[PDB]
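The structure appears right after this line, and notes come after that.
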Amino acid sequence: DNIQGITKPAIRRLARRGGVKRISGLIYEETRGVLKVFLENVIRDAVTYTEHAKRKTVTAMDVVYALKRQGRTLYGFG
Amino acid sequence: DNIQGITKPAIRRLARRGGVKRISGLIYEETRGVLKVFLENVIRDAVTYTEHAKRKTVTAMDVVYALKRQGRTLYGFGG
Amino acid sequence: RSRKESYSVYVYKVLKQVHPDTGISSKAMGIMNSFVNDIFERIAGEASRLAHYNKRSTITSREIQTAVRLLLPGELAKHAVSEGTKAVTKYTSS
Amino acid sequence: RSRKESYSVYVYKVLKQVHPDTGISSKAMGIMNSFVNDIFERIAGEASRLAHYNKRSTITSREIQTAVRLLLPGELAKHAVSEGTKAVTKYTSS
Amino acid sequence: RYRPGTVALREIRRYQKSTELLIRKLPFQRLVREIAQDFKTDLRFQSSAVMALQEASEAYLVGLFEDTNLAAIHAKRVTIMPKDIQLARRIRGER
Amino acid sequence: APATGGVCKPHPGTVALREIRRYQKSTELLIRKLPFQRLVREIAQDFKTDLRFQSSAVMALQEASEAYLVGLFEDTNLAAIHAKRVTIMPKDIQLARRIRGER
Amino acid sequence: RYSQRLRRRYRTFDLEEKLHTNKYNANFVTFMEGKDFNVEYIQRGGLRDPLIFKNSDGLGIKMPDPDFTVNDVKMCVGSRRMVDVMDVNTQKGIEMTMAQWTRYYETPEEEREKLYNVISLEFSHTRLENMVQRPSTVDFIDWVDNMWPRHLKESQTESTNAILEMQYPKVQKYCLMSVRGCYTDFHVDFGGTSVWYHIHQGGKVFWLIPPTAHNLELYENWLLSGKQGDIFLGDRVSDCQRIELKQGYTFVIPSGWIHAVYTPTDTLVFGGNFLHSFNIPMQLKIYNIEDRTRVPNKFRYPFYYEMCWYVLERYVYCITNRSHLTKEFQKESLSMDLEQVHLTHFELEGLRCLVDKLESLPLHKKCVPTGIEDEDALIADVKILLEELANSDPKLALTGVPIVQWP
Amino acid sequence: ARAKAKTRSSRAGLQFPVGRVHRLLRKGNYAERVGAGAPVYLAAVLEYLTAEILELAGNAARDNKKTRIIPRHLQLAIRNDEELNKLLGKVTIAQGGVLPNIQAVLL
Amino acid sequence: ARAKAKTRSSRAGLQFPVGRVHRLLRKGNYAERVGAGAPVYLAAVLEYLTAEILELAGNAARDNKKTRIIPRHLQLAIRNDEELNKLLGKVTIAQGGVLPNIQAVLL
DNA sequence: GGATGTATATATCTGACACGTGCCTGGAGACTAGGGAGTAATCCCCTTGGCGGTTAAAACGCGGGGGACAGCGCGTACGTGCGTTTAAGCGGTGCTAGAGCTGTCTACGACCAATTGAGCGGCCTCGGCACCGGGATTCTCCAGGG
DNA sequence: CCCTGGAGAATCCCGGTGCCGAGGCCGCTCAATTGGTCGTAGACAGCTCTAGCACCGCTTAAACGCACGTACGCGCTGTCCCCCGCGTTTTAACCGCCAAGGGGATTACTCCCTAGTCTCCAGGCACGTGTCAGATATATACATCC
Ligand SMILES: CCCCCCC(=O)N(O)CCC(=O)O
Ligand SMILES: [Fe+3]
């Protein structure tokens, strides 16, 4: 139960960077599920990449490749 | 003025297949503009592919490749 | 005259084992050929990239299995892996 | 011990041609390396597919030109083609 | 007479069942040639390239109209307006 | 400091705009570190047992997640402005995710 | 380089026009001679009009030597006295020592980084105290002098405004030290106090806005908006007088007047605050704006309601001879003493507001002071008294002597 | 004495060609060298997917009292399944039409 | 005596390497053969793009009264352009932030 | 109930799908050789785990006012039906141009051998900013002497 | 009741630390240059014939323009609750330092699998032909809207 560690002030900060003035009280439970889905997909892909190479440590290159496979290219980690 | 060939009843038929019930009177110009932009975007790539091969006739494979380049894979016209 | 190739005969053979009464038209045959080509290209490209990532110059069944797991969703990957494993096992023995 | 490759020195050389006084941190250097690799991969893949489509076995500058025209937007492609043609012309004259 | 909103449902049900093309051929060919004239002169066209272009365009428009209808329903309405199309196309990423 | 008496000195939503202008100007990560690490390890524990993570992997994951959430919030804001409102609701997020093609 | 496509870039009102325009042309201030400023004048007028005294003849003031400097103030109050300073740009407070303030003030204009102003240096119980005396008439009507238990006032030893050491409302004598260019934005002085203000050296420009119900609503709304840097209030009101006070003038500002101040030259001012019995309704009104706009207690009149309770007691006692002080406070007052009546309508109206106010506060806000015995019986008595005094003859009330005085 | 030939498809038990797949992998510019177990695996996967789609299309055709398969049946089979609609999400089928769907607000 | 060597980069008038790009193309599994003018053309194009990016980043950095380039400057330059924003539309830059944008209905 | 849109059920044409053959070229069988990777041994980096101190962020409660939502009235623009006008589709002619295929001749990129200098990893400066840091100049607390 | 000097302390001109990120030489090993040889890929000339373009008539299904009336969009009020701002107590995130061992990265070397060749021959592609699944005409039955 670590999803409850994403506190409401953090979601408020993210929304403020997004450009939102007022926030309803039911947004947080939806945001947490969205984040769960995103993380689950990315981590599953990265774990498959790691397992193919016969390793036990998830490197940053595995995460970069997993993100690139989904169309979310990232710069600044090799 | 060939863009006027796309007539109001055709747009209404497309909208009916899309599932709308009521249609305003300012939709037609927007639809025509969007369709024109899409057509230019595809035809530019098709003509470039035709030019590279030293030809004068645009074939179906050129159109298929141009569509595939934009994530719009089409089945039934070759591959 | 030049002669071209397609997958029509194998598609018809597969169709006859699940629907001996049902026929098919030519448009559906062209669509099925396009689908087969698309899937083949996807799997081959993924396997090639997997081979390049680990500093290797050969493509083996391990990379094909990994690509199948990466591309197909859910139970499709499971059944495809089982089918491929069975086919490879039966081919090696003979 | 093994050494790795990068594009840092050429990035410095280009930087000293447009802004001599300013420097650059390491994170921006990594970002620039990633950008160069991405663009090279894109152009090489497109040229490979173009060469395949015409039943050809080699890659020449014509394929690279067509790939540049296909991938770059607007006047960027025009200037890139012009500068590449100039470079090729000056190279073959020697 | 029929009250408004009954013929429209009949047309929706009729057109969700059929599979033909909903645009005429000659005007589309004229538009395609007129657009293509701007990149290279004296271009010939096969008989299937125009058909493929027509299929792709019609599918694109049908999808766009579905998204526009969703946008219109969001705003407590039953009529589609240009702002719904603009919102849908902006959220998609095309603009 | 002791309280002072008799010292003379002249002098909803206003703080929100200042917070928006402050957060749209910085560049650091807005979520904590340890909770994100624990969440990632708990999620990954379902696919394999006794896994290890590098630090840069977790950093990249956090950055990608935050960028995704920020973009989703901007699209949700546009959806909310469409319906003549200023307050975002879950149906705005649902509409944005459905139009984007994620559902 | 070349061969590219071939760029871009990667207080909001003007205080100077507010000083130059001719639009702040109301006539609210009366120029007076010192001799006419007496208790009779207050009884007849209720101290409702801002007054300027172009000279001090007849006022009964005393000032220090005319070349007195900020370093002299410093030596009188102490180099180590902490002083509240205002950052002009923000209208917020900071704190420094008097020696630090003096160094800033003696720094040449071009060398000062920011503009700072000292408007809140209360110097009672320092060496400077006996060098400054306020207008005599004020002593006759100040609630501090006439209503607060005298043994408490006399016991004050602390010369700062530290609230835990404060035995009475220490708001009577302030030194203001202002450099050229200082500006204090629009406000109402704390508790609805009236203010006397003497330009010892230099000069000040005031914008004055009358406390009509409409202007006081604008004022509160302007404070609640938080947009005081953006809006010059003197534009938003019906009527505003801009007026210059020169060296040697003494200015009296009635309760509730909304005012802003600009300093055109380095200046030293002596002034002070007082509550009085002739404009109680306005005093209470200001207090309630402070409450609603959440002014911190630091910036308010100390012991405000406590003082109001003591005011009621003094009126009852002086008129009826019935004390509502504790036995011990009666005794303290008696020891100090050994060392049919006609009220003005100003006072009658004031006292009915005051009684209604104090009676209606809940226990946790009533602030009944320690000298008061039975506050319910005091209230009951004030009500009886006001009924019996309701027929006061306005002519006969103009005695020139306050009802409440120490014997 | 060269014994009688026998195709690798018969050895593996498949109805898709194996030698053709091996040739396509070899001449496709994918790797320097190609292992001997890849073609059978790829052929098996392709055959499985083909059989699944064909079975769904045949059922859809039989529901409409016909004996042949047209693009409409393929479109219905693909868009009526939760797993095949995710693998072919961005693919357009010529002469396929759409799925019956009307919003509840308009009715 | 063998003639003194001279690199192809200098022979063409470039700063980006040509031999390294030629080796990458040759060992990258793209075609069977590689011509002689492709690496020069490709290196020229890459150098052009890099020069444009660096010029914009330097201008943006100097506009803030600084002497060093950091990822924020690259992000600002890329997102404030109209053509480079289309080429890098789907790219995330680490520690770059967002552009200042506030809707009018909110102010 | 009456008028209308859609489903019910048989006849006959008809042309495209499925079944045959001839043959040719790519897959299969057998052979040789060489280098890619699989495995063991080894070393040291870097990931996990623990604890103390500090303080900055999170959580809880209270007041109040601002926006979201429901209700009502107006009004104009869009759906429905009809009489008139247009060019889209279909069938058949005629021409020719450019895509497709065959055959030669050459010149350019791959492979090999010998050589040397370029860029990369490992230390040496180099101009900042976060603390210290006695001590000490200026001004100062404190009960004595005067 | 005023001086005064035995302790005081503040911060701070500045007189040292001291890490931090860049920035610059040196050695040197491996990768880019240079010089030849050849053999196949690509350019060019010539011939064929399939399909793309242009044209004419006419049938009629679709598009166009008008009446109109009603129903859905839009604006104005009210009220009531839900969200924002602020103060205070509480909690755990963050940082410095220490220790241990799991596992990633490198290096020999041995051999077995995959590439290149030479024939044989059958699977699949192009060319031909029949009949059966599907469209459409047309007189009822039934559910559906007004
Ligand atoms: C409360 C102290 C006594 C009154 C003086 C301070 C004040 O409230 N002003 O209006 C003067 C401001 C100024 O001179 O800049
Ligand atoms: Fe004042």
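Using Swiss-Prot numbers, chain I covers 11-117, in order.
This deposition comes from electron microscopy, 3.2 Å.
Placed from the backbone N, Cα and C atoms, the Cβ positions cover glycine too.
Annotated features, as they stand in Swiss-Prot:
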- I:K14: ubiquitin cross-link (CROSSLNK)
- I:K16: ubiquitin cross-link (CROSSLNK)
- I:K14: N6-(beta-hydroxybutyryl)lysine (MOD_RES)
- I:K37: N6-(beta-hydroxybutyryl)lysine (MOD_RES)
- I:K37: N6-(2-hydroxyisobutyryl)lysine (MOD_RES)
- I:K37: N6-crotonyllysine (MOD_RES)
- I:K75: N6-(2-hydroxyisobutyryl)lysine (MOD_RES)
- I:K76: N6-(2-hydroxyisobutyryl)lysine (MOD_RES)
- I:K96: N6-succinyllysine (MOD_RES)
- I:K96: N6-glutaryllysine (MOD_RES)
- I:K96: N6-(2-hydroxyisobutyryl)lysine (MOD_RES)
- I:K96: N6-(beta-hydroxybutyryl)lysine (MOD_RES)
- I:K100: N6-glutaryllysine (MOD_RES)
- I:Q105: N5-methylglutamine (MOD_RES)
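Distribution of Swiss-Prot features across the structure.
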residue : record                         : DSSP class
I:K14   : ubiquitin cross-link           : coil
I:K37   : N6-(beta-hydroxybutyryl)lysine : coil
I:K75   : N6-(2-hydroxyisobutyryl)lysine : coil
I:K96   : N6-succinyllysine              : helix
I:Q105  : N5-methylglutamine             : coil
Candidate modified residues I:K37, I:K75, I:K76, I:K96, I:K100, pick with smallest Cα gap to I:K16 (ubiquitin cross-link): I:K37
I:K37 (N6-(beta-hydroxybutyryl)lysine) and I:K100 (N6-glutaryllysine), distance between Cα atoms, whole Å: 28
Short-range recorded positions relative to chain D, from I:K16, I:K37, I:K75, I:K96, I:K100, with Cβ separation under 8 Å: I:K96
Distance, I:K14 (ubiquitin cross-link) to I:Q105 (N5-methylglutamine) (CA atoms, angstrom): 48
Cβ-based isolation winner (fewest other Cβ atoms within 10 Å) among the modified residues I:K75, I:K76: I:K75
Number of Cβ atoms other than its own within 10 Å, given for I:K37 (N6-(beta-hydroxybutyryl)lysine): 10
Rounded Cα separation (Å) that holds between I:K37 (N6-(beta-hydroxybutyryl)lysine) and I:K14 (ubiquitin cross-link): 28
Rounded distance in angstrom between the Cα atoms of I:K75 (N6-(2-hydroxyisobutyryl)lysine) and I:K96 (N6-succinyllysine): 28
Tertiary neighbours of I:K14 (ubiquitin cross-link) (same chain, Cβ under 8 Å, six or more apart): none
Recorded positions near chain A, Cβ-Cβ under 8 Å, from I:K14, I:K16, I:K37, I:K75, I:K96: none
Cβ-Cβ neighbours of the residue listed as 'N6-succinyllysine' (radius 10 Å): 12
Cα-Cα distance linking I:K76 (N6-(2-hydroxyisobutyryl)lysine) and I:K96 (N6-succinyllysine), given in Å to the nearest integer: 28
